[PDB]
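See below for the structure under consideration.
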Amino acid sequence: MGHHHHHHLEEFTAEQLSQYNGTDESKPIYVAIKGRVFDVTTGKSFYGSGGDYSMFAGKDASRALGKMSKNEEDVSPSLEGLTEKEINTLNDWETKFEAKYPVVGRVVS
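Note that PDB author numbering gives residue 98 to position 98 of the sequence shown, counting from 1, and the numbers run on in steps of one.
In structure tokens, the structure reads:
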């Protein structure tokens, strides 16, 4: 289960978020990073339209950010399997998204 705390913003579960990749009849695209769900409908052409950030679209890309990998097997909502050098690497990405996209909720697992 999760925690019922969504009456202004959302709670997304990662596998459920995987469906918000945008290609499914054009659902709203959301990208999660470190549990922070950012809306990227403003950048749909980049994220959920067969874009170059397609691995981010409807995914928590935290691990992938830190590894700098795009391979879907690595793109995952997990942070604790890498160290600070690694973490700093995603931390950079968070910051970038943080200034552009609004956190519309959490992603949960």
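Backbone N, C-alpha and C fix where the C-beta goes; we use that ideal spot for every residue, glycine too.
Inset, instruction - Verify the CB distance criterion: does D60 have a CB-CB separation below 8 Å to chain B? - result: Absent from the structure: chain B. Only one protein chain is present.
Legend entry - Inter-stretch contact (C-beta, 8 Å, three-pair minimum) for the segment 39 to 46 and the segment 65 to 83: With contact defined as three or more Cβ pairs closer than 8 Å, the segment 39 to 46 and the segment 65 to 83 are not in contact.
Legend entry - Length of the line joining the Cα atoms of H5 and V37: Residue numbering aside, residue 5 sits at position 5 when the sequence shown is read from its first letter. Residue numbering aside, residue 37 sits at position 37 when the sequence shown is read from its first letter. Looking at the backbone, the Cα of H5 and that of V37 are separated by about 14 Å.
Inset, instruction - Have a look at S76 and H8 and give me their C-alpha separation to the nearest angstrom. - result: Here residue 76 refers to the residue found at position 76 when the sequence shown is read from its first residue. Here residue 8 refers to the residue found at position 8 when the sequence shown is read from its first residue. Cα to Cα, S76 sits roughly 26 Å from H8.
Inset, instruction - Check whether the Cβ atoms of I87 and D60 lie closer than 8 Å to each other. - result: Position 87 of the sequence shown, counted from the first residue, corresponds to residue 87. Position 60 of the sequence shown, counted from the first residue, corresponds to residue 60. Contact flag unset, no.
Inset, instruction - Quick one: measure Cβ to Cβ for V108 and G2, integer angstroms, because I've assumed they're closer than 8 Å. - result: Position 108 of the sequence shown, counting from 1, holds the residue named residue 108. Position 2 of the sequence shown, counting from 1, holds the residue named residue 2. With 8 Å as the limit, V108 and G2 qualify as a contact, their Cβ atoms being about 5 Å apart.
Legend entry - Paired residues, beta bridge with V37 - DSSP: Taking the first residue of the sequence shown as position 1, residue 37 is located at position 37. DSSP, once it has assigned bridges, lists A32, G105 as partnering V37.
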